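Quick notes on the structure that follows.
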Amino acid sequence: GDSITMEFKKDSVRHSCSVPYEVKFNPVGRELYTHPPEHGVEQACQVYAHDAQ
Amino acid sequence: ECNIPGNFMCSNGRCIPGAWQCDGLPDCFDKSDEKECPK
Amino acid sequence: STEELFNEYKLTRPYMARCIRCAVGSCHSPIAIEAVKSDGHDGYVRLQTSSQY
Amino acid sequence: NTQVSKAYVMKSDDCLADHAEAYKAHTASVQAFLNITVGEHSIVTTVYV
Ligand SMILES: *[C@@H]1O[C@H](CO)[C@@H](O)[C@H](O)[C@H]1NC(C)=O
Ligand SMILES: [Ca+2]
């Protein structure tokens, strides 16, 4: 997408905020996909760990 | 493997946040993240 | 009324299948879509899911 | 451990209505519809060429 919008419901009218930032993730490998396939081969990549460590 | 590292492997092989390991919620859906949890 | 509405549903039962992404990673969920057809000219989609309703 | 995978190709369920038909044609004949009036005799004639 072209921008990121975040929102949550308060005890009243819902609040939202949009900030301009270029979001464009490079597909892993020499094949340009939009979503990961059901099946494929395992290749090395660099990703954000969710671990709080 | 999964989002290395932190992904505690469940009994069914699903990956959960390591902050949800032993947090009192059934995130694996088989209770394996909440079993054997140390005190 | 008629077996088309009575349906073989009584014999079948919904089932589960693997999705590529279930939000945070893959999972064996009944929502899994087996196939999608897009031959209609009016823009309607015919999705075949692993569950029944 | 052994995991056997099997797959095959089958016609789509939509093919019955949405399909192309390949024909071969030759030796064409022409059929014409002439309005012929001969001496105040108006008729509608369907006749080949
Ligand atoms: C010729 O054909 C048209 C319609 O096919 C008809 O209305 C008309 O009366 C005909 N004319 C003569 C002279 O037969
Ligand atoms: Ca948990």
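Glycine gets a Cβ as well: all are built from the backbone with ideal geometry, and neighbour counts include every protein chain shown. Values in this text are rule-based calculations from the coordinates and carry no lab data.
A helix-only calculation puts the protein assembly as shown at -1000 deg cm²/dmol for mean residue ellipticity at 222 nm, using -39500 (n - 2.57) for each DSSP H run of at least four residues, averaged over all residues. Projected onto their three principal axes, the Cα atoms of chain A cover extents of 49, 30, 21 Å, largest first. Below 13 angstrom from the Cβ of residue C:30, what's the summed charge of the other residues (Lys, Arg +1; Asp, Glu -1)? Here the count lands on +1.
The percentage of C-alpha pairs in the protein assembly as shown whose separation is greater than 28 Å is 63%. Computed from backbone phi, the HN-Hα couplings of segment C:14-27 come to x, 9, 10, 8, 7, 10, 4, 10, 10, 3, 8, x, 7, 6 Hz, rounded to whole numbers (Karplus: 6.51 cos²θ - 1.76 cosθ + 1.60, θ = phi - 60°; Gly and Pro given as x). By the Cβ distance rule of under 4.7 Å, chain C has these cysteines without a partner: C:19. What the Cα atoms of chain C give is an Rg and a Dmax of 14.3, 43 Å. In this simple spin-label model, placing a label point 7 Å from the Cα along the Cα-to-Cβ direction at both residue D:41 and residue B:39 gives a separation of 12.0 nm. In this structure, residue C:28 and residue D:1 have a Cβ-Cβ separation that, at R0 = 30 Å, corresponds to a calculated FRET efficiency of about 0.95. Per residue, the convex hull spanned by the Cα atoms of chain D amounts to 105 cubic angstrom. Taking a point 7 Å out from the Cα of residue A:48 in the direction of its Cβ, the residues of segment A:1-15 whose backbone N falls within less than 20 Å of it are A:1-8.
Summing charges over neighbours of residue C:40, with a neighbour being any other residue whose Cβ is under 14 Å away from its Cβ, gives -3 when K and R count +1 and D and E count -1. Note on residue A:33 and residue B:22: their simple-model spin labels are 3.6 nm apart, each label 7 Å out from Cα toward Cβ.
Residues whose amide H falls under 5 Å from that of residue B:8, counting only those 5 or more places apart or on a different chain, are B:16, B:18, with hydrogens built in the peptide plane. The loop-placed trypsin sites (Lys or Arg not before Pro) in chain C, going by DSSP, that have at most 15 neighbouring Cβ atoms within 10 Å of their Cβ come out as C:21.
Give a quick list of GluC sites (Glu not before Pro) in chain A that DSSP marks as loop, anything other than H, G, I, E or B, with at most 12 other Cβ atoms within 10 Å. Here the GluC sites (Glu not before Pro) that fit, given the DSSP loop and packing criteria, are A:22, A:31, A:38, A:42.
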